[PDB]
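K.L.:
Below is the structure I would like to discuss, written out as structure tokens.
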Amino acid sequence: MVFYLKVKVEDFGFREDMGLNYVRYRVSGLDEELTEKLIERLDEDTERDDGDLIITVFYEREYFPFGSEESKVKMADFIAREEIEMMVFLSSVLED
């Protein structure tokens, strides 16, 4: 009756050439055709890998880049801020 989606960080990084932070999320359950739906709405780079889906989303000062790890004083901040970012994002879209 209800679908269960789990999104977690798989590979995070930063591009000095651009000046923004990027991170890849791991999603399982989507389909070849379904991917075209999300990739369109998000307008990001989606690709099937071993059944999972890679999504890289980076934002500059304009949208506030992801780099507030100095707060938590560890990498956990990146995965924590990134995980909730995707989870909350989707949940917020489905809930609304």
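In the structure tokens, the first chain shown is A, the next is B, and so on; residue numbers restart at 1 for each chain, and ligands run from 1 in the order shown.
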Tell me, as a ChimeraX atom specification, which residues lie within 12 Å of residue 42 in chain A, counting only C-alpha atoms; anything in the same chain fewer than 6 positions away does not count.
P.N.:
/A:35-36,55-58,86,89-90,93
K.L.:
Identify all residues of chain A in alpha helix (DSSP H) (DSSP on the backbone) and supply them as a VMD selection string.
P.N.:
chain A and resid 32 to 42 69 to 72 76 to 95
K.L.:
Next, dump the selected residues to file, keeping only N, CA and C atoms, as a CSV table (one decimal), in the first residue's frame.
P.N.:
chain,number,residue,atom,x,y,z
A,32,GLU,N,14.2,2.0,-15.5
A,32,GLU,CA,14.8,2.7,-16.6
A,32,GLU,C,14.0,3.9,-17.1
A,33,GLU,N,12.7,3.7,-17.2
A,33,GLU,CA,11.8,4.7,-17.7
A,33,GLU,C,11.5,5.7,-16.6
A,34,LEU,N,11.3,5.2,-15.4
A,34,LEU,CA,11.0,6.1,-14.2
A,34,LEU,C,12.2,7.1,-14.0
A,35,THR,N,13.4,6.7,-14.2
A,35,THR,CA,14.5,7.5,-14.1
A,35,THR,C,14.4,8.8,-14.9
A,36,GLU,N,13.8,8.7,-16.1
A,36,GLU,CA,13.6,9.8,-17.0
A,36,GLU,C,12.7,10.8,-16.3
A,37,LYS,N,11.8,10.4,-15.4
A,37,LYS,CA,10.9,11.2,-14.7
A,37,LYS,C,11.6,12.1,-13.7
A,38,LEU,N,12.4,11.5,-12.8
A,38,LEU,CA,13.1,12.2,-11.8
A,38,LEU,C,14.2,13.1,-12.4
A,39,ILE,N,15.0,12.5,-13.3
A,39,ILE,CA,16.1,13.2,-14.0
A,39,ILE,C,15.5,14.5,-14.6
A,40,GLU,N,14.3,14.4,-15.0
A,40,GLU,CA,13.6,15.6,-15.7
A,40,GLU,C,13.3,16.6,-14.7
A,41,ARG,N,12.6,16.2,-13.6
A,41,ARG,CA,12.2,17.1,-12.6
A,41,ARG,C,13.4,17.7,-11.8
A,42,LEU,N,14.3,16.9,-11.5
A,42,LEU,CA,15.6,17.4,-10.8
A,42,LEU,C,16.5,18.0,-11.8
A,69,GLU,N,30.5,21.5,7.5
A,69,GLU,CA,31.0,20.4,8.3
A,69,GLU,C,31.8,21.0,9.5
A,70,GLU,N,32.3,22.2,9.4
A,70,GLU,CA,33.0,22.8,10.5
A,70,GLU,C,32.2,22.9,11.8
A,71,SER,N,30.9,22.8,11.6
A,71,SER,CA,29.9,22.9,12.7
A,71,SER,C,30.0,21.6,13.5
A,72,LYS,N,29.8,20.4,12.9
A,72,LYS,CA,29.9,19.1,13.5
A,72,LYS,C,31.3,18.7,13.8
A,76,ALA,N,30.8,13.3,9.3
A,76,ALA,CA,29.4,13.0,9.6
A,76,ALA,C,28.4,14.1,9.2
A,77,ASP,N,28.9,15.3,9.3
A,77,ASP,CA,28.1,16.5,9.0
A,77,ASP,C,27.7,16.5,7.5
A,78,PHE,N,28.6,16.1,6.6
A,78,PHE,CA,28.3,16.0,5.2
A,78,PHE,C,27.3,15.0,4.9
A,79,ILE,N,27.5,13.7,5.4
A,79,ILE,CA,26.5,12.6,5.2
A,79,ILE,C,25.2,12.9,5.9
A,80,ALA,N,25.3,13.6,7.1
A,80,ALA,CA,24.1,13.9,7.8
A,80,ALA,C,23.3,15.0,7.2
A,81,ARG,N,23.9,16.0,6.7
A,81,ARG,CA,23.3,17.1,6.0
A,81,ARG,C,22.8,16.7,4.7
A,82,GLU,N,23.6,15.8,4.0
A,82,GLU,CA,23.2,15.4,2.7
A,82,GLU,C,22.0,14.4,2.7
A,83,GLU,N,22.1,13.4,3.7
A,83,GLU,CA,21.1,12.4,3.8
A,83,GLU,C,19.7,13.1,4.1
A,84,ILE,N,19.7,14.0,5.1
A,84,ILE,CA,18.4,14.7,5.4
A,84,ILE,C,18.0,15.6,4.3
A,85,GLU,N,18.9,16.1,3.5
A,85,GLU,CA,18.7,17.0,2.4
A,85,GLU,C,17.8,16.3,1.3
A,86,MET,N,18.2,15.1,1.0
A,86,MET,CA,17.5,14.3,0.0
A,86,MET,C,16.2,13.7,0.6
A,87,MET,N,16.3,13.1,1.7
A,87,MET,CA,15.2,12.5,2.4
A,87,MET,C,14.1,13.6,2.6
A,88,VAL,N,14.4,14.7,3.2
A,88,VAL,CA,13.5,15.8,3.4
A,88,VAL,C,12.9,16.3,2.1
A,89,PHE,N,13.8,16.4,1.1
A,89,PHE,CA,13.4,17.0,-0.2
A,89,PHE,C,12.3,16.1,-0.8
A,90,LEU,N,12.5,14.8,-0.9
A,90,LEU,CA,11.6,13.9,-1.5
A,90,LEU,C,10.3,13.8,-0.6
A,91,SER,N,10.5,13.5,0.7
A,91,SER,CA,9.4,13.5,1.6
A,91,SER,C,8.5,14.7,1.5
A,92,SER,N,9.1,15.9,1.4
A,92,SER,CA,8.4,17.1,1.3
A,92,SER,C,7.6,17.2,0.0
A,93,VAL,N,8.2,16.6,-1.1
A,93,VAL,CA,7.5,16.6,-2.4
A,93,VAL,C,6.3,15.6,-2.4
A,94,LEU,N,6.5,14.5,-1.7
A,94,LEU,CA,5.4,13.5,-1.7
A,94,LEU,C,4.4,13.8,-0.7
A,95,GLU,N,4.8,14.4,0.4
A,95,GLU,CA,3.9,14.9,1.5
A,95,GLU,C,3.0,16.1,1.0
K.L.:
Counting only C-alpha atoms, figure out which residue out of A:59, A:45, A:5, A:52 gets nearest to residue 20 in chain A.
P.N.:
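Smallest distance to residue 20 in chain A is found for A:59.
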K.L.:
Choose the residue, out of A:26, A:96, A:74, A:31, that has the smallest atom-to-atom separation from residue 10 in chain A; count only C-alpha atoms.
P.N.:
A:26
K.L.:
When DSSP is applied to the backbone of this structure, which of chain A are assigned strand (DSSP E)? Write them out as a PyMOL selection string.
P.N.:
chain A and resi 8-15+20-28+45-49+52-56
K.L.:
Dump N, CA and C atoms for the selected residues as a PDB file, in the first residue's frame?
P.N.:
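Okay, this is what ended up in result_21.pdb:
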ATOM      1  N   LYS A   8      20.791   7.590   0.434  1.00  0.00           N
ATOM      2  CA  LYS A   8      21.974   7.838   1.249  1.00  0.00           C
ATOM      3  C   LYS A   8      23.159   8.246   0.379  1.00  0.00           C
ATOM      4  N   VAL A   9      24.099   8.977   0.971  1.00  0.00           N
ATOM      5  CA  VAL A   9      25.282   9.429   0.250  1.00  0.00           C
ATOM      6  C   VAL A   9      26.216   8.264  -0.059  1.00  0.00           C
ATOM      7  N   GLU A  10      26.761   8.254  -1.271  1.00  0.00           N
ATOM      8  CA  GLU A  10      27.670   7.194  -1.690  1.00  0.00           C
ATOM      9  C   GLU A  10      29.060   7.755  -1.984  1.00  0.00           C
ATOM     10  N   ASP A  11      29.101   8.986  -2.481  1.00  0.00           N
ATOM     11  CA  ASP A  11      30.365   9.637  -2.805  1.00  0.00           C
ATOM     12  C   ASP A  11      30.200  11.153  -2.847  1.00  0.00           C
ATOM     13  N   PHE A  12      30.892  11.843  -1.945  1.00  0.00           N
ATOM     14  CA  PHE A  12      30.820  13.298  -1.878  1.00  0.00           C
ATOM     15  C   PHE A  12      32.144  13.928  -2.301  1.00  0.00           C
ATOM     16  N   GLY A  13      32.069  15.138  -2.847  1.00  0.00           N
ATOM     17  CA  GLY A  13      33.266  15.830  -3.287  1.00  0.00           C
ATOM     18  C   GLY A  13      33.030  17.309  -3.518  1.00  0.00           C
ATOM     19  N   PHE A  14      34.096  18.034  -3.840  1.00  0.00           N
ATOM     20  CA  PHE A  14      34.000  19.468  -4.085  1.00  0.00           C
ATOM     21  C   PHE A  14      34.814  19.866  -5.313  1.00  0.00           C
ATOM     22  N   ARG A  15      34.252  20.755  -6.125  1.00  0.00           N
ATOM     23  CA  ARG A  15      34.924  21.217  -7.333  1.00  0.00           C
ATOM     24  C   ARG A  15      35.411  22.654  -7.169  1.00  0.00           C
ATOM     25  N   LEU A  20      31.615  25.037  -5.802  1.00  0.00           N
ATOM     26  CA  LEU A  20      30.457  24.455  -5.131  1.00  0.00           C
ATOM     27  C   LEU A  20      30.726  23.005  -4.740  1.00  0.00           C
ATOM     28  N   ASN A  21      29.940  22.497  -3.798  1.00  0.00           N
ATOM     29  CA  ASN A  21      30.091  21.122  -3.335  1.00  0.00           C
ATOM     30  C   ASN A  21      29.091  20.202  -4.027  1.00  0.00           C
ATOM     31  N   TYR A  22      29.498  18.958  -4.256  1.00  0.00           N
ATOM     32  CA  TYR A  22      28.637  17.980  -4.911  1.00  0.00           C
ATOM     33  C   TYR A  22      28.647  16.655  -4.157  1.00  0.00           C
ATOM     34  N   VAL A  23      27.561  15.899  -4.288  1.00  0.00           N
ATOM     35  CA  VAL A  23      27.443  14.609  -3.621  1.00  0.00           C
ATOM     36  C   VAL A  23      26.550  13.660  -4.413  1.00  0.00           C
ATOM     37  N   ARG A  24      26.908  12.379  -4.412  1.00  0.00           N
ATOM     38  CA  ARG A  24      26.139  11.371  -5.132  1.00  0.00           C
ATOM     39  C   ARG A  24      25.284  10.551  -4.170  1.00  0.00           C
ATOM     40  N   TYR A  25      24.011  10.386  -4.513  1.00  0.00           N
ATOM     41  CA  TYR A  25      23.087   9.626  -3.679  1.00  0.00           C
ATOM     42  C   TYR A  25      22.810   8.254  -4.285  1.00  0.00           C
ATOM     43  N   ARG A  26      22.551   7.275  -3.423  1.00  0.00           N
ATOM     44  CA  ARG A  26      22.271   5.916  -3.871  1.00  0.00           C
ATOM     45  C   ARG A  26      20.797   5.572  -3.673  1.00  0.00           C
ATOM     46  N   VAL A  27      20.082   5.396  -4.780  1.00  0.00           N
ATOM     47  CA  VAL A  27      18.663   5.062  -4.728  1.00  0.00           C
ATOM     48  C   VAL A  27      18.379   3.757  -5.463  1.00  0.00           C
ATOM     49  N   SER A  28      17.627   2.872  -4.815  1.00  0.00           N
ATOM     50  CA  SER A  28      17.284   1.583  -5.405  1.00  0.00           C
ATOM     51  C   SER A  28      15.771   1.392  -5.449  1.00  0.00           C
ATOM     52  N   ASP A  45      22.059  14.574 -13.162  1.00  0.00           N
ATOM     53  CA  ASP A  45      22.642  13.460 -13.900  1.00  0.00           C
ATOM     54  C   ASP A  45      22.303  12.130 -13.235  1.00  0.00           C
ATOM     55  N   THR A  46      21.365  11.398 -13.830  1.00  0.00           N
ATOM     56  CA  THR A  46      20.948  10.109 -13.294  1.00  0.00           C
ATOM     57  C   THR A  46      21.430   8.965 -14.178  1.00  0.00           C
ATOM     58  N   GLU A  47      21.837   7.867 -13.548  1.00  0.00           N
ATOM     59  CA  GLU A  47      22.321   6.702 -14.280  1.00  0.00           C
ATOM     60  C   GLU A  47      22.165   5.434 -13.447  1.00  0.00           C
ATOM     61  N   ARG A  48      21.822   4.335 -14.112  1.00  0.00           N
ATOM     62  CA  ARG A  48      21.640   3.057 -13.433  1.00  0.00           C
ATOM     63  C   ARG A  48      22.981   2.367 -13.204  1.00  0.00           C
ATOM     64  N   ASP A  49      23.219   1.944 -11.968  1.00  0.00           N
ATOM     65  CA  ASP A  49      24.463   1.269 -11.616  1.00  0.00           C
ATOM     66  C   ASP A  49      24.205   0.134 -10.630  1.00  0.00           C
ATOM     67  N   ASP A  52      21.197   0.514  -8.592  1.00  0.00           N
ATOM     68  CA  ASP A  52      21.092   1.783  -7.882  1.00  0.00           C
ATOM     69  C   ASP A  52      21.136   2.956  -8.857  1.00  0.00           C
ATOM     70  N   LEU A  53      20.844   4.149  -8.351  1.00  0.00           N
ATOM     71  CA  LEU A  53      20.850   5.351  -9.178  1.00  0.00           C
ATOM     72  C   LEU A  53      21.747   6.426  -8.570  1.00  0.00           C
ATOM     73  N   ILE A  54      22.600   7.015  -9.401  1.00  0.00           N
ATOM     74  CA  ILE A  54      23.511   8.059  -8.946  1.00  0.00           C
ATOM     75  C   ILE A  54      22.973   9.443  -9.291  1.00  0.00           C
ATOM     76  N   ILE A  55      22.878  10.303  -8.282  1.00  0.00           N
ATOM     77  CA  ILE A  55      22.382  11.660  -8.478  1.00  0.00           C
ATOM     78  C   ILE A  55      23.332  12.686  -7.868  1.00  0.00           C
ATOM     79  N   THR A  56      23.915  13.524  -8.719  1.00  0.00           N
ATOM     80  CA  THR A  56      24.843  14.552  -8.265  1.00  0.00           C
ATOM     81  C   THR A  56      24.206  15.936  -8.332  1.00  0.00           C
TER      82      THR A  56
END
K.L.:
Which residue out of A:6, A:51, A:1, A:19 has the minimum interatomic distance to residue 67 in chain A when only C-alpha atoms are used?
P.N.:
A:19
K.L.:
Could you jot down the CA of residue 17 in chain A to CA of residue 73 in chain A separation for me, Å, one decimal place?
P.N.:
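A separation of 24.8 Å between them.
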K.L.:
Here is a test: counting only C-alpha atoms, which residue of A:29, A:60, A:66, A:44 is nearest to residue 3 in chain A?
P.N.:
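Nearest to residue 3 in chain A: A:29.
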